[PDB]
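There is one chain below, alone, in structure tokens, taken in the form deposited in one PDB entry.
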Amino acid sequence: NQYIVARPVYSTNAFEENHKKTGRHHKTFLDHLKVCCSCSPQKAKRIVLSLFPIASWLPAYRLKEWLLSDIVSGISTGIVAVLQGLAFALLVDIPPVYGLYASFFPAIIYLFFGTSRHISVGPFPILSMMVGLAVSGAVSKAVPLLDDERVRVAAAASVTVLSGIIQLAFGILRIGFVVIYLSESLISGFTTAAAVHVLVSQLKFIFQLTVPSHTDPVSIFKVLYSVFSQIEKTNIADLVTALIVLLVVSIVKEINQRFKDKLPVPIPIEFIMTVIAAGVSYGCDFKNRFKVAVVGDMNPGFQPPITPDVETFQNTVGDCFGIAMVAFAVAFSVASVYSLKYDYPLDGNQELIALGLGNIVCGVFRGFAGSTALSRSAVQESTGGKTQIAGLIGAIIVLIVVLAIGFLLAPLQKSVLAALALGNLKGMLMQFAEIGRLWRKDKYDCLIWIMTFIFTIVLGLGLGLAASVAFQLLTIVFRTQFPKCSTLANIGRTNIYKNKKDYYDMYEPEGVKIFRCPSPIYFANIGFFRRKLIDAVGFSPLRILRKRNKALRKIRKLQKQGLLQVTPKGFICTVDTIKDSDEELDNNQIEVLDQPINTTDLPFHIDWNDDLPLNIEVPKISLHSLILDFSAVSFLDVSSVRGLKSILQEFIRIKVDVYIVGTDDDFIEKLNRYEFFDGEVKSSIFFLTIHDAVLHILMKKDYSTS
């Protein structure tokens, strides 16, 4: 192997000069705006088919291969969705039939407007908790036992319509890329904190206690006190039934996860458990024997459309923003999992449009918000879900339960629903193991995780997410805050320049300094960059310039008085009796020491690194060439330019040639916009690589030696 290169030393200017560059009209936004408004027949059809995905996958339906799997997966997911809807309507503190409305309407709208094929659409615990908190805050700020739940149902419907409107607006404006602003560790900490929230929320149903509608901040600790202050009134039948259901459900769920091969269809343990619980609570008469809290009689049928309260809109706009963002984040994560697993495209913008429309229709018809539960999407995909016909059949099962056979869910206890909702928490609760992993790998992401979790538990579920996103954006600045700037030296007498402190037998060319900042320099970076550059070169260029200007002022004062005669050979002095005296420039003239040294008045050049007459003392420097390795400097903001240009100017003023190497052409094109280059700072300071600058320096210095 041999790396044999023989070419000329290239500046960026000399390179672009010798190699003619393909002229490219990069873009404007006028032509982009107009080409975005072409409205060709083919473009109009493409837009109308991207807004109505069912027109594309329904005619391409593979009946023989998909119909039975869709029917089976739909039966399973609908049976699960009925119970999940009842439980999550308990989480919202409304009658439990509105959970069935929330399980019915978004699935039917997403069947038409959605691009995913494997997610089940409906409520999930975190969003039901967020909606319950939003409506408990909306009923509080309201300028004035069945009226209470009626007002709560109205507030839930209005919160749902507003969050659906926000989602639909975000999908129309094509902002479907907001999901990138939530990292894996932020989502992890938020979801395990929310699982702890839900665990705490199910305690009033396991024990059958009466807990107020507490609100954030610190709602979880308020709910814990309300629960364990009454722990002497705990219903024992509710507790025992909930523990039995939770135990059996978790055992059979682990069995389903472990024996996923020998099992043809996963065991529907939730269905069996609720059937058995309702049968034993109806046969043994638990409602009057043990005084348990049961689901009770639900009204058959749907409710007429409702009108959204704009007062609730005003009172909960921010809560609905949080609800819309969490709903989209969760649904897009689950849908992305399945789209990567089955290799089909997933339009994020369409998701927002599909979920917003579903939430609007749901809230209009008295349901509450919901996008996708990973627990129900897994039940749908694991049972053979091939298309969104499984969602249609799940919604048909929900419709059958709403219209015909809801009376069977009358003797079912709320502790059983709470036990199921608690059984679905193992996956999120065991994410506490991410703390140690992230500690090992990346402590900024461990900070995001730990720091998200604390915010969400301490604050609310919607305020915690906002503070968490802000802190996660702050850790990006933490990463690039104190960069490990280094000094480079040549190792091997070749074109390899490494850290000066890392290898033996390196070589720094005399008078040359190579400095590397390993990160994008921004506003929070440039003071540190200047401090480290000054520590690396060994002096402050502005201080050297100021002392040189002081020395030049003293030389002029001593020479125009006659004590120092100018000669083209040197600084001969007729009298060597200089007395100690400083000019003591006042506050209004001291700014004259930062000006460039223009000593062309004297016929000969002053050597500032030699000794000056009459004991005038100036700090002597060895540096004559400063190379800046800008390879890993991705961007420069407005603050970086101002800071860098001023840094460069002082170096240039004290006669130190500055070279910037390792930058691509886009970097220099962007630097041309800041009006960075001028006289005394030109584009000739940019070279290709560190070696290119180093060979230029060597030839310059050997020619100056000649």
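Heads up: residue numbers just count along the shown sequence, starting at 1. Note that the rigid core is defined as the largest set of C-alphas that superpose within 1.5 Å between two forms.
In what follows, reference is made to the form solved in complex with a small molecule, a form of this protein that is not presented.
- Contact with the small molecule in the entry with it bound, defined as any heavy atom within 4.5 Å, is confined among 630-638, 386-394, 81-89, 549-557 to 81-89.
- Shown without its partner, this chain lists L417, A107, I448, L352 as candidates; in the entry with it bound, only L417 has a non-hydrogen atom within 4.5 angstroms of the small molecule.
- Of the candidates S339, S625, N525, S375, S375 is the one whose heavy atoms come within 4.5 Å of the small molecule in the entry with it bound; the others do not.
- For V135, no non-hydrogen atom is located within 4.5 Å of the small molecule in the entry with it bound, even though that partner is not displayed.
- Residue contact with the small molecule in the entry with it bound: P125 places a heavy atom within 4.5 Å of it.
- Of the heavy atoms in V379, some are within 4.5 Å of the small molecule in the entry with it bound.
- The closest non-hydrogen atom of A421 lies within 4.5 Å of the small molecule in the entry with it bound.
- Once the core is superposed between the shown form and the other one, every option in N588, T307, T577, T210 stays below 2 Å in C-alpha shift except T577.
- Taking the rigid core as fixed, one finds a CA shift for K441 smaller than 2 Å between the shown form and the other one.
- In a rigid-core overlay of the protein, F635 has its C-alpha displaced by under 2 Å between the shown form and the other one.
- Remark: with the core as the superposition reference, the CA shift of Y503 between the shown form and the other one stays below 2 Å.
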